[PDB]
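Inspection log for the structure reproduced underneath, given as structure tokens.
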Amino acid sequence: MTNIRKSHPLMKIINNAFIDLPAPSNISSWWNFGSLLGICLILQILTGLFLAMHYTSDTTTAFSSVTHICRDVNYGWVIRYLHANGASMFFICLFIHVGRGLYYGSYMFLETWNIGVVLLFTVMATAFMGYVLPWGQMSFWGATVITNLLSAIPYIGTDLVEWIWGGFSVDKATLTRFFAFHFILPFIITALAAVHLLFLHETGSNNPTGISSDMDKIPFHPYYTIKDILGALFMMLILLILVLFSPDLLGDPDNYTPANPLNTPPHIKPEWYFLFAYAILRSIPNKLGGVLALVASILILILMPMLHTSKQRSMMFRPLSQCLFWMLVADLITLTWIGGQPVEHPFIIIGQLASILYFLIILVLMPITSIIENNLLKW
Amino acid sequence: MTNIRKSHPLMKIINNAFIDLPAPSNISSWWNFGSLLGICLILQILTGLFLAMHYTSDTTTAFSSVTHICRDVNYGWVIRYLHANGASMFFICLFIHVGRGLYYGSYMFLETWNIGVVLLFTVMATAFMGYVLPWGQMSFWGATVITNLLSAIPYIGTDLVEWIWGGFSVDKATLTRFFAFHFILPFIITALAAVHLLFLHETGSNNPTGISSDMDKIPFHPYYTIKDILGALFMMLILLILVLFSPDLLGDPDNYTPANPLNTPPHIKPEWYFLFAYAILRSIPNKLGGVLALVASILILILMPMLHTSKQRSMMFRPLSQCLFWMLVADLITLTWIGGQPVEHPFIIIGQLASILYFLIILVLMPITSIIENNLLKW
Amino acid sequence: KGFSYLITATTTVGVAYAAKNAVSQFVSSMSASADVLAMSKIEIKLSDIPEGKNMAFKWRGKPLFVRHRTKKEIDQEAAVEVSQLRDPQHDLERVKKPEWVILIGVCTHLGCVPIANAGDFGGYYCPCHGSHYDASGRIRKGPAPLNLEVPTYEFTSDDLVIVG
Amino acid sequence: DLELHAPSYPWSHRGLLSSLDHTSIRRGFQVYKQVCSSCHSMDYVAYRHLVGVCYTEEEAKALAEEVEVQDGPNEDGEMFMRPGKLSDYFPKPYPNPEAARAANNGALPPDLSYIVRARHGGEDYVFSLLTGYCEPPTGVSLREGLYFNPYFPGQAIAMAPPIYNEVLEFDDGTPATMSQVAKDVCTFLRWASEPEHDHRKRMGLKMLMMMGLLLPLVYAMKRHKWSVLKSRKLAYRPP
Amino acid sequence: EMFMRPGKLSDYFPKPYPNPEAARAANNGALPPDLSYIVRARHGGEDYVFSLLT
Amino acid sequence: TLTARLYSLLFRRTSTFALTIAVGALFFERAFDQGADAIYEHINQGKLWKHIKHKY
Amino acid sequence: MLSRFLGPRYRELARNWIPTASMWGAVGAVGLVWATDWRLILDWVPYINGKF
Amino acid sequence: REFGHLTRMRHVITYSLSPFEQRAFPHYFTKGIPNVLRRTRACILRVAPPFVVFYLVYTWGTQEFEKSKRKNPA
Ligand code: HEC
Ligand code: HEM
Ligand code: HEM
Ligand code: HEM
Ligand code: HEM
Ligand code: FES
């Protein structure tokens, strides 16, 4: 006789995944966000399904269908705002997870780090694409701007924007193809998340100290289930606070207007989780260089495993690196704020300077600070 | 240092699932229908996505959207008819696969068999959902009849039909929810197919003789990859002939008429792969009895491992049982033809006898015949 | 070995041809459909449009004015400076052939349609919030932020002028 | 009761790799626009589709220019007349279904964009229905204003006889024989519900030859790789 | 023919102008925005619209 | 044997094997397209649109 | 890294693998031109420019 | 279930030849045709009857439907 928990194949996989998987005891709350992301994935996908059950992707019905969901459908407004604020919370958790990975040297798990970068790319694409679906003024106009950014690509680039648009500009074909891709992509995210978990489970998670915790490992089920339950409950507390008291808080009011291609909005801006890289795009004058900087602003995460030079993996014992990391976080907040604001004086200079400081901190200040760090500790 | 094929995490799974998996040396072509099914998934999923990028689910414009796909999109008709006939071939290959499993005694693998039954239910519901989407006369009316079939459930029955069917009649909400479920389900089918292979692998495979083939296992990659490639190319032959010479061979022409709730078509039949149950529905006069018999027609598969009385797993050395199995197949084609025909004097009695003979073979004739052969073989 | 691998080579080239002739089908399927090609990007205009007129047509998704700018209004547009314009755009880059002006029909302030032969300067006037426009296609001043958009029209065979 | 199954006519396109007669397609569009268009609609098939299959570009431009189609809001918001173009769809009879039903006794003339692909029989059924009007036999006297068509389900159709001999003058010079007119319009409808027939049979040819090459070669590769297994001389030498 | 009947609970709110171009041509060329989502579309909400009216 | 020269030159290296396959595709696509189109027009002479534009 | 790849035998490996990698590059370029039907290149080659 | 914990076997010798030395179709027709004929002879005796009785049932049902749908003299 043998345990069904660790002899049945599905149950054996689940057991080795999150029942009897050894875990560091000193894991802080910063790791809970990982599970939160998974929760914020499922809570998204399910809701999306219900939205897809009352959404008719067409330039003559998209806004009307969304309105019909909001008003007429029994408890449809709650699903819609749940979806929007859940995407926002998903990006909050994603950014916090990336910050944790940077802080505690979690990028030493190279395969997991690269798979996470791919997941992050896919999530940005999914959210950008999904924001088109309500077909508001902001949706259509922002989509036009972002897709037209691909015209800067040399040679083929112009043809590409005709290919993505499904024609001469963003129209019904673009809307329906965006709907289809928005449907398919989250399942690719789920598969990539499974692969990301496999890679991490091969080596095990990293404690805040950075030292290997093989000597002190605790089973996952008795402890790190209820802790993740508490984390998910707190995330739900925040998310339903947003949905039930300030539904259209982060979303721009201009979306609640039929997409009229005869009137440019006063300011065309993406989501708050998109304004930082869009501000980076704004900063560079050259169009092609702008797109290169925009893509590099996220692709630079892959370079992080190579740029690490300090002998300590984590940052608990590197105060100078901690100050640099917080300078980077403040710089990202400045990028978001600048992206919100129009490209005028002095926002132009502030955005440019913060854009340079972003790459300068990531590529230069952190490694040089790490060299000084090693020199300061006899090694 | 070490081979990446058997050391990399994902590559290890791929290696021991498809490259170096020890497969029986003498599996016939009938086993190849496994791989085709998976291919018939991917080949049909990729097409299915491309229709989702030109198909608006609104009832007032679903049929016009389908006509626009077939008439305006570059090579749209190829995708549309490839999708339809790929679903038809998926059901052909599914029936052949179930016939193989029942024949060569593979249904003794338990977990894989039940998972296969669940997969059959999922895809068989998915095709029914997909047929409604074009919103033709047969699509709408067959959906009406099949959904109203559920009203025979006692007490809560109508309420369930009030819920699944959107109340009212098959109308705007029904089309959207059918599209959403049609989209979500095949990914569940993919996950369940992965679980199906996972349950299959630790048992190996059932060779035609039914004896354990642990003394003749051969690597998968050199031989069975090219064998399944040739099989998939033959399935390409049949699918392309169907798609490219007689696109609407396995289809009702009245589906090319926009759905009208004000006119019942002279004949109300589902697709060809559903009639084998539809006729069973007409066999029992009672509505609830019809529901139970129609469900049991597929539920009887999980009872097959219990109803195995022969001492030999396989069917090659059981001629009397072979005659019974081929009688079962002939009864299946007879049931399909009867479901095709309307309900008059020549067809009612034939359908009743066919359903009775179906059940009598599966639960009665086959075990008794197996016992007779066991006695006739001195064991 | 040569024969055994020639079999494989011929199989592979056939499979490559099939793979291209399928993936190209799919890629062109996601590309622009025939309806948008044959409804939107075809704007032949006959020279029936006489001097000093603005018969406007709703193409793509916006109207467009085909101005037959006569010699008089041409020399007013020439005389009007460039520098104090809100977004300086000289008539040269505004329009290729002086006799005909091609420009969109949606005022950039909030939309609507500018009525022609009005707006103090003479050319255009959007009455929604009273924005007068420069006759050459620009704006001299007013509530509207920037000048009227000019499409990628082509002047080939002046009798039959196509707009892209 | 009963029903006539339409006899299998020897259509030029009935061949496995035989295409449509595009001249017949043009002459069948002419009859559609002359007599059929007065009461029937084709909706999806547009003037642009005719270019490159039955009519040249300028001929189709003139064809669309002949008819006046209704265009959107005027500068005052009035729903005004306008000459047709290639982008326009085939102009339709009486606007809403209710007017069409009221004008045509109490029957709605179905759209022909899919009528040859929506009826069991297709071209054979359509041709037989058109050239099958017969005097009602004894004892089956139908309504007033009804017409006996044996091939029509119910044997009682609401058509004034559509095609009678010498109704339309073909531009090419073909005689106005009722059979000629019916065959031409039937071919036009087959093109209408299958606007890929030529290219579909072209793909059929290409796929047939491609895999007539591919199957022997892939099979040869399979036998080449499997040949080790299919020639394993086994042995058994117990001590 | 399009017949006129007394409105019922099923009907939505009446639209004063038949088509938008008629509305623009009627007033001055400007389009009165749809009042359904007007409050949720303008930065400021009700405090905006009220401030406008007064 | 000519096959021996083929294996010695174009087939020994898998990379030049890929080059041979690619150039074979280059020529074979055009050859197959031209031949199949010629056969198609030969079967349906005086029926396709290509065989009738001469009048118009 | 930088110095550990900067050796004599490493440049020997580079010289050995220059032909195969270089003409793999030609394989890729020809495949790209083929797949995209690049008229800029395909026009010059004979017997294929007829397709245009 | 990977190679090695499969079974225990003793005194078994397997001779195999390179795929580049055997013809891919050794006596394709002259040997395949008798084998296919033998397989057909073995299987048809139990395969054909259930399918042929379906054919008589189908023909009987079709003619029964057409004769019952016809009018009777009365
Ligand atoms: C002046 C009137 C009129 C003309 C001319 C006319 N039709 Fe009709 N047609 C009708 C009406 C009314 C019906 C509806 C009858 C019914 O319910 O089937 C109809 C029905 C049909 C149907 C449906 C038959 C079915 O199976 O239900 C077809 C096909 C058809 N017409 C084809 C044609 C063709 C082809 C032509 C000329 C080349 C033509 N018609 C000319 C009025 C007309
Ligand atoms: C990866 C998780 C997902 C993210 C980040 C995401 C993101 C978004 C966003 C930002 C919107 C726009 C919300 C708004 O209108 O303000 C949206 C809309 C939509 N999404 Fe998703 N989505 C996700 C998953 C899904 C899934 C799995 C489906 C399909 C089942 C789906 C279907 C829809 C639909 C139908 C809409 C339009 C309704 C609406 O805009 O409110 N989403 N999505
Ligand atoms: C789709 C969203 C994501 C999901 C569902 C996900 C899932 C998880 C989970 C559950 C963990 C374990 C808990 C934890 O360590 O936080 C984890 C760890 C990790 N993830 Fe992610 N992740 C996602 C996105 C990312 C991103 C964007 C990155 C960065 C590129 C990333 C890199 C990592 C790293 C480095 C670890 C290890 C952290 C450690 O061991 O301390 N992940 N992931
Ligand atoms: C279990 C696998 C599936 C089967 C058997 C299936 C089957 C079908 C069938 C038979 C139709 C009707 C086609 C017609 O009447 O011409 C249909 C419609 C449709 N299916 Fe699926 N489907 C499947 C999965 C999917 C997936 C994964 C997608 C999206 C990626 C999809 C998208 C559609 C769409 C958009 C339609 C409407 C357009 C059309 O009718 O062709 N289906 N499906
Ligand atoms: C979604 C469709 C399905 C897929 C993709 C699938 C996939 C596979 C594959 C690839 C195999 C190995 C090849 C083979 O032995 O045939 C297999 C084996 C098997 N499948 Fe399925 N299957 C499907 C549906 C089913 C169904 C409906 C059943 C029956 C309830 C079933 C039961 C089995 C059994 C019993 C085996 C073992 C065959 C043997 O080893 O003899 N599967 N499946
Ligand atoms: S929209 Fe033209 S003036 Fe305001």
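By convention in this document, the chains of the structure tokens carry letters A, B, ... by their order, each chain's residues are numbered from 1, and ligands are numbered from 1 in the order they are shown.
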
Shell of 8 Å around region 29-45 of chain B, only C-alpha atoms, local chain residues under 3 positions omitted, as an MDAnalysis selection string: chainID B and resid 48:49 82:83 86:87 89:90 93:94 96:97 100 186 227:228 231:232 235

Nearby residues, ligand 6, 7 Å, only C-alpha atoms and all ligand atoms, as a compact mmCIF listing (two decimals) with C-alpha atoms, in the first residue's frame:
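The resulting file, result18.txt, is shown below:
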```txt
# COMPACT_ATOMS: atom_id res chain seq x y z
CA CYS C 107 -12.02 70.16 -38.13
CA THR C 108 -9.40 69.24 -35.56
CA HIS C 109 -11.00 71.22 -32.70
CA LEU C 110 -13.71 68.65 -31.93
CA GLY C 111 -14.74 67.38 -35.38
CA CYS C 112 -17.86 68.42 -37.30
CA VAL C 113 -17.51 69.69 -40.89
CA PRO C 114 -16.11 73.11 -41.86
CA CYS C 126 -16.28 75.37 -38.48
CA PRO C 127 -19.47 76.68 -36.83
CA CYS C 128 -19.51 74.34 -33.81
CA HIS C 129 -17.21 76.63 -31.82
CA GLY C 130 -16.49 79.24 -34.49
CA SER C 131 -13.07 78.21 -35.81
CA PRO C 143 -10.20 77.61 -31.26
CA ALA C 144 -8.92 74.78 -33.46
```

At most 6 Å to chain C: residues in chain A, only C-alpha atoms, as a PyMOL selection string: chain A and resi 163+166-167+262-263

Filtering to C-alpha atoms, could you give me those residues as a short mmCIF file (atom, residue, chain, number, x, y, z; two decimals), in the first residue's frame?
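Written out: out_14.cif:
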```cif
data_model
loop_
_atom_site.label_atom_id
_atom_site.label_comp_id
_atom_site.auth_asym_id
_atom_site.auth_seq_id
_atom_site.Cartn_x
_atom_site.Cartn_y
_atom_site.Cartn_z
CA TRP A 163 -1.09 43.89 -41.41
CA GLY A 166 -6.23 44.45 -40.96
CA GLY A 167 -6.43 47.35 -43.41
CA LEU A 262 -13.35 62.38 -36.23
CA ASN A 263 -12.17 63.87 -32.91
#
```

Counting only C-alpha atoms, chain F residues within 10 Å of chain D, as a VMD selection string: chain F and resid 32 to 33 35 to 37 39 to 41 43 to 53 56

Nearby residues (only C-alpha atoms) at most 12 Å from region 42-45 of chain H, same-chain spacing under 2 positions excluded, as a ChimeraX atom specification: /B:316-317,319-320,322-323,326 /H:35-40,47-52

Expected selection as a PyMOL selection string for ligand 1 within 8 Å, only C-alpha atoms and all ligand atoms: chain D and resi 31-32+35-40+101+104-110+112+115-116+119+125-127+129-130+152-153+157-163+181-182+185-186+189

Can those selected residues be exported to a file as an mmCIF file, in the first residue's frame so that it contains C-alpha atoms?
```
data_model
loop_
_atom_site.group_PDB
_atom_site.id
_atom_site.type_symbol
_atom_site.label_atom_id
_atom_site.label_comp_id
_atom_site.auth_asym_id
_atom_site.auth_seq_id
_atom_site.Cartn_x
_atom_site.Cartn_y
_atom_site.Cartn_z
ATOM 1 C CA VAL D 31 -30.684 37.649 -66.945
ATOM 2 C CA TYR D 32 -30.514 38.141 -63.180
ATOM 3 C CA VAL D 35 -35.830 39.791 -64.907
ATOM 4 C CA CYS D 36 -34.646 38.256 -61.623
ATOM 5 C CA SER D 37 -33.498 41.535 -60.053
ATOM 6 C CA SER D 38 -37.007 43.002 -60.362
ATOM 7 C CA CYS D 39 -38.176 40.785 -57.478
ATOM 8 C CA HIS D 40 -35.169 38.901 -56.032
ATOM 9 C CA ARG D 101 -44.088 39.653 -48.918
ATOM 10 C CA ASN D 104 -45.585 39.223 -53.960
ATOM 11 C CA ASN D 105 -48.927 37.908 -52.718
ATOM 12 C CA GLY D 106 -47.792 36.397 -49.426
ATOM 13 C CA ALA D 107 -44.437 34.824 -50.273
ATOM 14 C CA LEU D 108 -40.909 36.129 -49.761
ATOM 15 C CA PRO D 109 -38.538 35.648 -52.721
ATOM 16 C CA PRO D 110 -35.430 34.160 -51.098
ATOM 17 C CA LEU D 112 -30.106 33.961 -54.412
ATOM 18 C CA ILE D 115 -30.036 29.566 -53.041
ATOM 19 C CA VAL D 116 -28.062 27.116 -55.188
ATOM 20 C CA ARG D 119 -31.462 23.712 -51.631
ATOM 21 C CA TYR D 125 -33.051 21.685 -58.629
ATOM 22 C CA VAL D 126 -32.989 25.327 -59.745
ATOM 23 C CA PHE D 127 -32.921 24.449 -63.449
ATOM 24 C CA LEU D 129 -37.836 24.396 -61.052
ATOM 25 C CA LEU D 130 -37.440 27.098 -63.697
ATOM 26 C CA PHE D 152 -41.186 22.771 -55.823
ATOM 27 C CA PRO D 153 -41.810 21.192 -52.387
ATOM 28 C CA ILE D 157 -45.262 27.806 -55.877
ATOM 29 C CA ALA D 158 -45.972 31.539 -55.884
ATOM 30 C CA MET D 159 -43.998 32.508 -59.000
ATOM 31 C CA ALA D 160 -45.348 34.111 -62.078
ATOM 32 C CA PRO D 161 -43.494 32.030 -64.715
ATOM 33 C CA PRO D 162 -40.048 33.628 -64.509
ATOM 34 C CA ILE D 163 -38.372 32.469 -67.723
ATOM 35 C CA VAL D 181 -31.616 31.478 -70.217
ATOM 36 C CA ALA D 182 -32.210 28.941 -67.447
ATOM 37 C CA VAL D 185 -28.834 31.963 -64.747
ATOM 38 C CA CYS D 186 -28.205 28.618 -63.040
ATOM 39 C CA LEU D 189 -26.158 31.290 -59.228
#
```

d(CA of residue 74 (chain A), CA of residue 170 (chain B)) in Å: 18.6 Å

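Using only C-alpha atoms for every distance, the candidate list E:30, E:42, E:35, E:48 yields E:30 as the residue closest to chain C.
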
Which of region 36-256 of chain B DSSP labels helix (DSSP H, G or I), written as a PyMOL selection string: chain B and resi 36-52+59-71+76-103+106-109+111-132+137-152+157-164+172-201+220-244+253-256

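Summary of the local environment: counting only C-alpha atoms, residues at most 12 Å from residue 217 (chain D), other than itself and those fewer than 6 positions away along its chain, are residues 226, 230 and 233 of chain B; 3, 4, 5, 6, 7, 8, 9, 10, 11, 12, 13, 14 and 15 of chain C; 210, 211, 223 and 224 of chain D; 24 of chain H.
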
Would you export the selected residues with N, CA and C atoms as an mmCIF file, in the first residue's frame, please?
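This is the output file result.cif:
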```
data_model
loop_
_atom_site.group_PDB
_atom_site.id
_atom_site.type_symbol
_atom_site.label_atom_id
_atom_site.label_comp_id
_atom_site.auth_asym_id
_atom_site.auth_seq_id
_atom_site.Cartn_x
_atom_site.Cartn_y
_atom_site.Cartn_z
ATOM 1 N N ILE B 226 8.024 9.038 -37.736
ATOM 2 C CA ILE B 226 7.787 9.030 -39.176
ATOM 3 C C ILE B 226 6.513 8.260 -39.511
ATOM 4 N N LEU B 230 3.460 9.925 -41.596
ATOM 5 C CA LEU B 230 2.793 9.374 -42.774
ATOM 6 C C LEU B 230 1.289 9.258 -42.549
ATOM 7 N N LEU B 233 -0.207 12.604 -42.853
ATOM 8 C CA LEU B 233 -0.254 13.016 -44.250
ATOM 9 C C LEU B 233 -1.408 12.338 -44.985
ATOM 10 N N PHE C 3 21.185 7.856 -52.917
ATOM 11 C CA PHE C 3 19.790 7.591 -53.262
ATOM 12 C C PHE C 3 18.885 7.693 -52.035
ATOM 13 N N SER C 4 19.307 7.084 -50.922
ATOM 14 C CA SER C 4 18.479 7.091 -49.721
ATOM 15 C C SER C 4 18.267 8.507 -49.204
ATOM 16 N N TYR C 5 19.257 9.383 -49.384
ATOM 17 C CA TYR C 5 19.097 10.764 -48.952
ATOM 18 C C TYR C 5 18.429 11.628 -50.012
ATOM 19 N N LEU C 6 18.489 11.233 -51.286
ATOM 20 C CA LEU C 6 17.735 11.941 -52.314
ATOM 21 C C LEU C 6 16.244 11.798 -52.076
ATOM 22 N N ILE C 7 15.813 10.611 -51.644
ATOM 23 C CA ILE C 7 14.411 10.440 -51.264
ATOM 24 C C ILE C 7 14.027 11.460 -50.195
ATOM 25 N N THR C 8 14.855 11.571 -49.152
ATOM 26 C CA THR C 8 14.578 12.499 -48.060
ATOM 27 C C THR C 8 14.592 13.945 -48.541
ATOM 28 N N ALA C 9 15.540 14.290 -49.414
ATOM 29 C CA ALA C 9 15.640 15.657 -49.915
ATOM 30 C C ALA C 9 14.401 16.047 -50.706
ATOM 31 N N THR C 10 13.929 15.149 -51.573
ATOM 32 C CA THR C 10 12.746 15.468 -52.363
ATOM 33 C C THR C 10 11.512 15.567 -51.470
ATOM 34 N N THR C 11 11.400 14.671 -50.484
ATOM 35 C CA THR C 11 10.326 14.793 -49.504
ATOM 36 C C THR C 11 10.374 16.152 -48.817
ATOM 37 N N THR C 12 11.571 16.575 -48.407
ATOM 38 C CA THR C 12 11.716 17.822 -47.667
ATOM 39 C C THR C 12 11.368 19.035 -48.518
ATOM 40 N N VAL C 13 11.778 19.059 -49.788
ATOM 41 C CA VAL C 13 11.455 20.215 -50.624
ATOM 42 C C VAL C 13 9.952 20.276 -50.880
ATOM 43 N N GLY C 14 9.320 19.117 -51.093
ATOM 44 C CA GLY C 14 7.869 19.111 -51.224
ATOM 45 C C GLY C 14 7.173 19.630 -49.978
ATOM 46 N N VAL C 15 7.637 19.192 -48.805
ATOM 47 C CA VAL C 15 7.038 19.642 -47.552
ATOM 48 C C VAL C 15 7.260 21.136 -47.356
ATOM 49 N N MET D 210 0.730 17.277 -55.906
ATOM 50 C CA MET D 210 1.691 17.387 -54.814
ATOM 51 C C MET D 210 1.719 16.123 -53.975
ATOM 52 N N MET D 211 0.559 15.621 -53.580
ATOM 53 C CA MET D 211 0.619 14.465 -52.706
ATOM 54 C C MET D 211 0.679 13.148 -53.465
ATOM 55 N N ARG D 223 9.474 3.147 -44.851
ATOM 56 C CA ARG D 223 10.000 1.797 -45.035
ATOM 57 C C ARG D 223 11.514 1.762 -44.891
ATOM 58 N N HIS D 224 12.200 2.817 -45.332
ATOM 59 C CA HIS D 224 13.645 2.899 -45.166
ATOM 60 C C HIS D 224 14.025 2.891 -43.694
ATOM 61 N N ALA H 24 14.285 -0.749 -49.501
ATOM 62 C CA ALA H 24 13.128 -0.341 -48.711
ATOM 63 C C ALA H 24 11.872 -1.128 -49.061
#
```

Expected selection as an MDAnalysis selection string for ligand 4 within 6 Å, only C-alpha atoms and all ligand atoms: chainID B and resid 45 48:49 51:52 55 80 84 87 123 126:127 130:131 133:134 182:183 186

Selection near region 15-28 of chain A, 12 Å with only C-alpha atoms, sequence-local residues under 2 positions removed, as a ChimeraX atom specification: /A:3-13,30-35,100,104,194,197-228,231
